[PDB]
Amino acid sequence: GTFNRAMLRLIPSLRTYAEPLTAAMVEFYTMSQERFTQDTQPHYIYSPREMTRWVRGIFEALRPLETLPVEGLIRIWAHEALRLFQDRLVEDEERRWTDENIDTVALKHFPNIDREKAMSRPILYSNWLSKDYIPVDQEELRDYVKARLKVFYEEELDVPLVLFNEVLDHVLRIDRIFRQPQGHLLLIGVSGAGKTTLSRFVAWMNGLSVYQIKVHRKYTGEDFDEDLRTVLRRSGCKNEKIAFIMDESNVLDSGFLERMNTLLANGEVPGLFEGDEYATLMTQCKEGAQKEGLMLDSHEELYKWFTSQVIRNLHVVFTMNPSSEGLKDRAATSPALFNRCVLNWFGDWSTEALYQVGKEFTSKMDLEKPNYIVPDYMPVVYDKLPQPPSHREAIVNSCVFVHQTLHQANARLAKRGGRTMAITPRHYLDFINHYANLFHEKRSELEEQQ
Amino acid sequence: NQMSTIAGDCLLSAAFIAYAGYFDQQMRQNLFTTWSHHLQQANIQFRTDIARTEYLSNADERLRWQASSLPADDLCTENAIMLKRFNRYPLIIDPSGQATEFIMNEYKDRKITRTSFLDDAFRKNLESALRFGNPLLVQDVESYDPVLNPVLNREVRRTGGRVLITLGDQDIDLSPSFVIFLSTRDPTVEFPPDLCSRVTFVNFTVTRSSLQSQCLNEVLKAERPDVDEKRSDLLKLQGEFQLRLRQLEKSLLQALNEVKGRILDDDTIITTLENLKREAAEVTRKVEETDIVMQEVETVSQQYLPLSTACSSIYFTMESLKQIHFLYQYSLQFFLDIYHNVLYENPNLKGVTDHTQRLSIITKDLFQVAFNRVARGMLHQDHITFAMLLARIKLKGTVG
Amino acid sequence: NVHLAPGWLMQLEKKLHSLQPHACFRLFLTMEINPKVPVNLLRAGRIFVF
Amino acid sequence: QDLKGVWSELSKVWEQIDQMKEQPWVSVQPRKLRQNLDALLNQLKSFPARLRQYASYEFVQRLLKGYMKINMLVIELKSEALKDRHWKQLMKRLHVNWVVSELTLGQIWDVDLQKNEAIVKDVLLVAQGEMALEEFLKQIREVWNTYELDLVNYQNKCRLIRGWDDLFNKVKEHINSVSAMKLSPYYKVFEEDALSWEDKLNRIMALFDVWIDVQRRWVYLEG
Ligand SMILES: Nc1ncnc2c1ncn2[C@@H]1O[C@H](COP(=O)(O)OP(=O)(O)O)[C@@H](O)[C@H]1O
């Protein structure tokens, strides 16, 4: 309450709303804490740290805005609540529960407000279409990200992307994380969901250059130390923003995780730079500080400035598969993954996403069939399927059904105790590409025969 | 009409080629049936009798694999089809080991080299295969080197004229002829999800249904050549016989274009024309006489179905015998030799022509030869045990 | 006494697998029943218990 | 009147295309080419509908679309991996008269890249293989021209050779590399270089194989 009273002083219009806002804040925090515990998932921990982050985020959103109605205040409060509490949730019913409970508490502690404007389904906030952190409609955001994606295939690396709603929100989450000092990000997702791809895209958006190590056998700890020294030198001395990205493959080695944990926590690692390495570090650090506009001579303050530069310039992005048991060992070996890095969870590709990828990628196809007749009853697996669907919609819905069929078969085999291979969206992309090649070859053969 | 159905069968074949790689025969068939039920439920035009082993590959490739020591089985043919049209380099799971030799024989003309992840020189070998273009088959995927992640992901940078893969620290080039083949000898193993995503699995492990079908096919070939011949004919009714018709049409086109007014001068083109007419008539006759042939071959297959079930049961008995003693390690090839010895080179069948009597003799002699070969490699105390298992299997098989 | 050198046993199994013997070649391994025998060697051989 | 008008409007686009076709291949920038062709496509799309109905406009639009789709063949052709030998092979395959200083975008845009894609990707994959092999040769050349023996003082008597393991490992890996390159389908072009280099490497291996034994025995006998 006293924090929120300090915060609201920027906007004199809302001063009497401090108590309802802080009361709803505390209430929702308590419900989230009691509902989600460590028993269900290893990362379901809730603390005053999250709610201080909440206050900080609302303050950051409110700082440049000159004045905003109460519905805007509730919108910002709900957006921060979603980004802090819904983001870490793993399974869909939990996300629905936290979403609905946010609406419930906001309406309970804030009567006499318009529900529709204060809170809607696509509560999105960004600073790409405007100077400040004003909410943006998802369609204009979609056009902007599609243009930047065009530029992104043009420059850096060409990765074809389709843009559905989930990736749209995930880009926003990553961008929000990147524009924060010591903004380490952690991603839980099945392989092929694009975690590295969207991370690279957003890093290019914010100007962060991408660095990834190449882990192999005989990649000893000394190689990791050397790569860490290189990235530390680039981030701190040269004031070059680095988007460090490590998968699970390089995390497997235990020796790396101690150094990573120390770097995540304190922004620096002791013993990485020693002897002549320390001398070279100080030599380049003095030049970098002079370039910045500071005059430091003694080694301790130079190292402190280097640490501050690394804090403000390094953004480690971790990616791992959704293995909750494995998440337990990751928590055991390194608390920084769960104390400092903000965790995001998008392992599941929704049916809507499956539909969108299928429709986009099977566009050069020719499934158009004027004489195709709509069946009276169809196995609709994509609820938002337009009806009466064309042939194309039927084929892509069929493909989505194939993906859910493999998911169900793997679940059934796991129930029986048999060995089960993960079914990833990479499998779906492979299926679509094979469909393209096979359909093209067979149509060509039929046409040549004709 | 074939154009009206191309979307459906292309969908089924692609979904089968991407998925259904790790699963066994039963799960593959169940998934295909569920898929087909969905599209027919969705009013999607698909042919009701897709022969996946025939739609994705034609006769010459099958003959080439058979000359490449590929065992002639439905699952083996489907796997080999997967080994041909692969977007991601496949992972072979073959406890028996015929798939590996099949790969080397297939790509021997391409100078295929064998390598194992356990070998320390493997990385160097990989570089060579990447830098020159010769295909490489890497074995023992249990110790999978994460340095293979780039090659598997196909991220290549074209800087200057340089098409490079950052294989670890190095930045070596890629040759267009390169292709990797991951292999496994242990059927029971768990892979990280990233590996599973970046590879398509091809399972060569033999299950109860798979071996039962293989033994049934071998019986149909050995004892009933007419039934096996007709079943093969319906296997070639779609695609193959039509291809023969098309090449006959091409020959007719060439022959008629060749004549300079000799269409009437010799009056001999009519012989070729009536030959093509007879071939088309026999193709059409086999095309109309299908359902009868399925019901007949299905009756014949059901006739020997208890035999195939007994074969699968006894073979899995031999496999599970490893628990009794460590000396009881028996291969699928050993059981195959037992099966050849009971089927061919059997003195008891000589002079017997009754199909039912020959079948009964074959069931008796199968158990007899199996016990004769196994007990010689067993301690004396365990002979009673194996006799007990064989008796129980016969009880399960026998009717009444 | 082939059981005395298991590594020798696995390397002989590798040599035997990639080879085309003459139509009358026969390799016999007299061995003491011992777990040290390789599993693959047992799998590729006609076992005889004495 | 309408035909004269549509000819006048297409005159600017035709003159632009002629300007593009006059650019010598050495000076063409395929990315600038793609941007400018996209600009031309937009300008043509800005034409009035009454002119869009004529066959000339559709023909020019199809030519522009074909130019766009063969622009990726242009991308791959501009690559430095293409050598003179590959250019003469392409010369034979397309039965043309391109002169090395005379190559221009016009000559290749006149030749139907929409008809002979099979030939060109064949020759370009061949070029990729040959270039990979010759760059392997360049790496071998530089590593064996830069390599120096590590000499370290021994009891103020001599400067003995160190790093026997590293040198032997390097020569072994290089020997295996040339042996494997012998099996490459592109090995024929760089055959003589491979012969010379493998002779050098085998002589190297024999020399230091004798040298390590001589050094060890000398050191022991000195002791
Ligand atoms: N939204 C998307 N649209 C299209 N393709 C995608 C999308 N997300 C991922 N991909 C595909 O995934 C591949 C990269 O996956 P990657 O990001 O490495 O998986 P992970 O997230 O496990 O690191 C790319 O080739 C890309 O085609």
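Residues numbered from 1 in each chain as written, not as in the entry; some residues may be left out. Chains lettered and ligands numbered in written order. Part of a larger assembly, values for the part shown. Heavy atoms only, no water.

Deposited coordinates in this entry are attributed by the record to cryo-EM, at a stated resolution of 3.8 Å.

Participant: What's the story with the interface of chain D and chain B in this structure? I'm lost.
Facilitator: A common measure of how large an interface is: the accessible area buried when the components associate. The partner chain B presents 16 residues to the 19 residues of chain D that form the contact. Both sides of the chain D and chain B interface together cover about 1,500 Å² of buried area, and 56% of this is carbon and sulfur. Scanning the region where chain D abuts chain B turns up one salt bridge. Between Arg162(B) and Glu135(D) there is a salt bridge, with its nearest N and O atoms 2.7 Å apart. For the side of chain D that touches chain B, the elements supplying multiple residues, two or more each, are helix 7 (117-146) and helix 8 (164-182) of chain D. A breakdown of the residues in the side of chain D that touches chain B according to their chemical character gives 11 nonpolar, five polar and three charged. (Contact = heavy atoms within 4.5 Å. Buried area = accessible area lost by both parts, 1.4 Å probe. Salt bridge = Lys/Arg side-chain N within 4 Å of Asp/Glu carboxyl O. Helix = DSSP H or I, 4+ residues; strand = E, 2+ residues; numbered from the N terminus. Nonpolar A, V, L, I, M, F, W, Y, C, P; charged D, E, K, R; others polar.)

Participant: I would appreciate a short explanation of the interface of chain B and chain A in the present structure.
Facilitator: Listed as interface residues are 55 residues of chain B and, on the opposing side, 50 residues of chain A. Both sides together, the interface formed by chain B and chain A hides about 4,800 Å², and carbon and sulfur atoms give 64% of it. When the buried surface of chain B facing chain A is broken down by residue, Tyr19(B), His38(B) and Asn87(B) rank first, second and third, together holding 15% of it. At the boundary of chain B and chain A, one finds two salt bridges. A salt bridge links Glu441(A) to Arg85(B); its shortest N-O distance comes to 2.5 Å. Applying the counting criterion to the chain B and chain A interface returns 17 residue pairs in polar contact. Contributing elements (two or more residues each) for the side of chain B that touches chain A: helix 1 (6-18), helix 2 (25-41), helix 8 (149-153), helix 9 (193-198) and helix 12 (240-258) of chain B. When residues in the side of chain B that touches chain A are grouped by element, the largest group, nine residues, is from helix 1 of chain B. Within the side of chain B that touches chain A, the residues separate by chemical class into 31 nonpolar, 13 polar and 11 charged. (Polar contact = N/O pair within 3.5 Å; in protein donor to acceptor, adjacent residues only side chain to side chain.)

Participant: Teacher, can you tell me more about the site of the ligand here?
Facilitator: Residues and elements named next belong to chain A. Around the ligand there are 16 residues in total, and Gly192, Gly194, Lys195, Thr196 and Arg426 lie nearest to it. Note that an oxygen atom of the ligand is positioned 2.7 Å from one of the side-chain N or O atoms of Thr196. Taken by itself the ligand offers 560 Å² of open surface, and the protein chains cover 83% of this. With three residues, the single largest contributor to the shell around the ligand is helix 9 (residues 195-205). (Near = heavy atom within 4 Å. Areas by Shrake-Rupley, 256 points an atom, 1.4 Å probe, with all protein chains shown as cover.)

Participant: Would you take a moment to explain the pairing of strand 5 (residues 242-246) of chain A for this structure?
Facilitator: Successive side chains on a regular strand alternate, one facing one side of the sheet and the next facing the other. Residues and elements named next belong to chain A. Counting buried residues in strand 5 gives five out of five residues, a clear majority hidden from the surface. Going residue by residue along strand 5, you find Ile242, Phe244 and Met246 tucked away on one face and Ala243 and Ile245 tucked away on the opposite face as well. Looking at chain direction, strand 4 (residues 209-211) and strand 5 are connected through three bridges and run parallel. Residue pairing for strand 5: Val210 is matched across the bridge by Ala243. (Buried < 20%, exposed > 50% of the residue type's maximum accessible area, 1.4 Å probe, protein only. Pairing = 2+ DSSP bridges.)

Participant: Quick question: what am I supposed to make of the sheet that holds strand 5 of chain A here?
Facilitator: Strand pairing in a sheet takes place through backbone hydrogen bonds and is either antiparallel or parallel in direction. Residues and elements named next belong to chain A. On the basis of which strands lie adjacent, the open sheet formed by five strands has the order 4-5-6-3-7 and parallel pairing. Edge positions in the open sheet fall to strand 4 and strand 7 (342-345), since each of these has one partner strand only. With strand direction ignored, the average angle separating the axes of adjacent strands in the sheet is 20°. Relative to strand 6 (residues 317-320), strand 5 runs parallel, the two sharing two bridges. Its bridge partner lying in strand 6, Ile245 is registered against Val317. The strands touched by helix 8 (residues 165-178) are strand 3 (185-188), strand 5, strand 6 and strand 7; relative to strand 7, the strand with the most contacts, the crossing angle is about 170°. (Axes fitted to C-alpha atoms, helices over the stretch in contact; angles between N-to-C directions.)

Participant: Where do I start with unusual backbone geometry in this structure?
Facilitator: The phi torsion of most residues other than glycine is negative, and most of the peptide bonds are trans. The linkage connecting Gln387(A) with the following residue, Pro388(A), adopts the cis geometry, with an omega of 0°. Inspection of the secondary structure puts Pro388(A) in the loop between helix 16 (351-361) and helix 17 (391-416). The backbone of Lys111(B) sits at a positive phi, close to 60°, despite the residue not being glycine. Of note, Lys111(B) is situated in the loop between helix 6 (98-107) and strand 2 (113-116).

Participant: I'm lost on the arrangement of the chains in this one. Help?
Facilitator: Looking at the four pairs of chains with contacts, the pair that accumulates the most is chains A and B. Contact between chain A and chain C is absent, and the minimum C-alpha spacing across the pair is 23 Å. Separated without contact, chain C and chain D have their nearest C-alpha atoms at a distance of 21 Å.

Participant: So what exactly am I meant to see when it comes to the sheet that holds strand 6 (residues 180-184) of chain B here?
Facilitator: Residue and element names in this part refer to chain B. The five strands lie next to each other as 2-3-6-1-7, forming an open sheet whose pairing is parallel. Of all strands in the sheet, those with a lone pairing partner are strand 2 and strand 7 (201-203), marking the two edges. This sheet shows a mean twist of 25° between the axes of neighbouring strands, independent of strand direction. With three bridges joining them, strand 1 (residues 91-93) and strand 6 adopt parallel strand pairing. By the bridge assignment, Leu91 is partnered in strand 6 with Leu182.

Participant: Which parts of the structure should I look at to understand the packing of aromatic side chains?
Facilitator: How two aromatic rings sit relative to each other is set out by the distance from centre to centre and by the angle between their planes. Inspection of the entire model under this criterion finds 48 aromatic pairs over all chains. The interplanar angle of 85° and the centroid separation of 5.6 Å between the aromatic rings of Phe28(A) and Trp54(A) together place this pair among those described as edge-to-face. Taken together, the residues span a long stretch of sequence, with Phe28(A) in helix 2 (residues 18-35) and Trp54(A) in helix 3 (residues 48-62) at a distance of 26 residues. Relative accessible area serves as the criterion here: at 0%, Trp54(A) is assigned to the buried category. Among the aromatic residues, those joined into a ring-pair cluster are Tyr428(A), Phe431(A), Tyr435(A), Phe439(A), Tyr19(B) and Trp35(B). Sitting above the plane of the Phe316(B) ring, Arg208(B) keeps its charged end 4.4 Å from the centroid. The aromatic ring of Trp197(D) is capped on one face by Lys200(D), whose charged end is 5.8 Å from the ring centroid. (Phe/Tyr/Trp six-rings, centres within 6.5 Å; stacked < 30°, edge-to-face > 60°. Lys NZ or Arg CZ within 6 Å of the ring centre and 35° of its normal.)

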